[PDB]
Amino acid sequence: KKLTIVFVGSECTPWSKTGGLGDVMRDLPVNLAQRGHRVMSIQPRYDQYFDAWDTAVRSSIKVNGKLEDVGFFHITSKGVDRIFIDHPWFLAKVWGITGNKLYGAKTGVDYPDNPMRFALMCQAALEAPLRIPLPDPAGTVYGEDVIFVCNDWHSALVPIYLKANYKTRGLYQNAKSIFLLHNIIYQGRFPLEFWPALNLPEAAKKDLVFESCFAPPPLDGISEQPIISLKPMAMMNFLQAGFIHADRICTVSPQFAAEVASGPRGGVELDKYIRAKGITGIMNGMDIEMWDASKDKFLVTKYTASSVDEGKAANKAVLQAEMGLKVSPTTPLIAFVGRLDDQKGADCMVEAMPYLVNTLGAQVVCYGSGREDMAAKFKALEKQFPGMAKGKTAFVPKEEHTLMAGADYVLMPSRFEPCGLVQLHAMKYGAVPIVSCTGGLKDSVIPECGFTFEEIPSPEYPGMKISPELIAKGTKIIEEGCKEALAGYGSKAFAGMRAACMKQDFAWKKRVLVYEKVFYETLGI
């Protein structure tokens, strides 16, 4: 068939990234482009990207009543014409290359521009197909028979800007809008007085207005404690307006799709739109070219599934040495990777450390970046457990590859996981996953590949008065869950899990065909 597709989000690897979001908006659009579709990605210009060149095409977008000049920077990479929205609110943010902290200064603290920024980002994204000729400035323009894939709350306003501004005036009529939920807790909930600044018609105010007792913290600077009233408050919600006007909802896992429809816990407070409209779970793939331990760049000894035992223990020595753990091939090696906050479950895992080293015997590597509390405790691991544990906060792409090939077991104690990528990455490289039993972790870590202890407790949640000194005995589920899995290290069962893990196929080729048909339905052909 072949059609025009336009991805719209707040991250694209390698340019911006705080986690999986960026990686999906790198991989998915390329693997769609391989099928013959004309694909584009649209992201903000947070920093002066050396490979991003000004198209010279400007436009003016109305925000907070004042017109705003924005520019459009372009780059063709892997058949995907990516575009970057240039403006002072994105580019001139707090310094040190941004990288992480795209959306806030600290972690838990957001920038008060975010309403206007992602209001600006969306409207601007709707211009790009109309007024920028690609690949070269003497080439064709994208046009109007274009499907928009929009990713999380940050691009949750393009369905409603599309209909309320553009389709009104007789363009993008053939165009449809797909929403893609990577996460449910992040909904773009803002105070109601930011309404004027959005520049949507007054009819469309009804779709943004929203009532709940849980609001994210006051958007000032220092506070990060979600206020909780008895009578529900009035506020905004970009994500609901994404659900209202999206011509289809997708999400990143069959199991997670189920958990969002399930009710106000699993849908945060938005369950009744998803359950009404429907949500197709398409689990995330991975890049096979990049993640391939038979042919990997960052590996000393490269190995297949036929030659695992040798290859891993070789790359484990490298790892043990690099972290500075005793170089013992018979000592188990558990690896944790994920952001340092409540969702990924560091706080409990770290409380569970003595039992993992002192009682089970294993070594524990710990990558992560996020809140100041858990970052502090991570660095001091190698002090308190000398040569039996390390905590790396701040790290490189290269450092995550050696960690997988070296680790015996990989650990994810998540409260919930829409899909997760570190367990997919591990299984590719033979590291046997010990996981929390939620979402994409349930779908991906089958019993043939790994272990699945029961999930970790949260509150009524989106980080309320977080982890009650009591509920933080979630720890014991990890102590227990690991004890089973590691008792069995060096079994023929373990060698079967190793082989099983790597024979699984995580390439997008399959996933894309599902994504591709969901388009055809929403359109017509």
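We number the residues from 1 along the sequence you see.
**Q** Comparing 256-264 with 136-144, which has the greater mean CA B-factor as deposited?
**A** Higher mean C-alpha B-factor in the PDB entry: 136-144.
**Q** Comparing 126-134 with 223-231, which has the greater mean CA B-factor as deposited?
**A** Result of the comparison: 223-231.
**Q** In the PDB entry, which of 40, 487, 466, 30 has its C-alpha at the highest B-factor?
**A** In the PDB entry, the greatest C-alpha B-factor among 40, 487, 466, 30 is found at 466.
**Q** In the PDB entry, which of 382, 113, 81, 247 has its C-alpha at the highest B-factor?
**A** Checking the PDB record, the top C-alpha B-factor among 382, 113, 81, 247 is at 382.
**Q** Lowest, middle or highest third: where is residue 54 by Cα B-factor in its chain?
**A** Ranked within chain, residue 54 CA B lands in the middle tercile.
**Q** If you rank the chain by CA B-factor, which third does residue 73 end up in: lowest, middle or highest?
**A** For residue 73, whose C-alpha B-factor we compare with every modelled residue in the chain, the answer is the lowest third.
**Q** Could you look up the Cα B-factor of residue 85 in the entry and say which third of the chain it sits in: lowest, middle or highest?
**A** CA B-factor rank for residue 85: lowest third.
**Q** So where's residue 278 on the chain's Cα temperature factor ranking, which third?
**A** Tercile = lowest for this residue's CA B-factor.
**Q** Can you tell me whether residue 336 has a C-alpha B-factor in the lowest, middle or highest third compared with the other modelled residues of the same chain?
**A** Highest third, going by the recorded CA B-factors of the chain.
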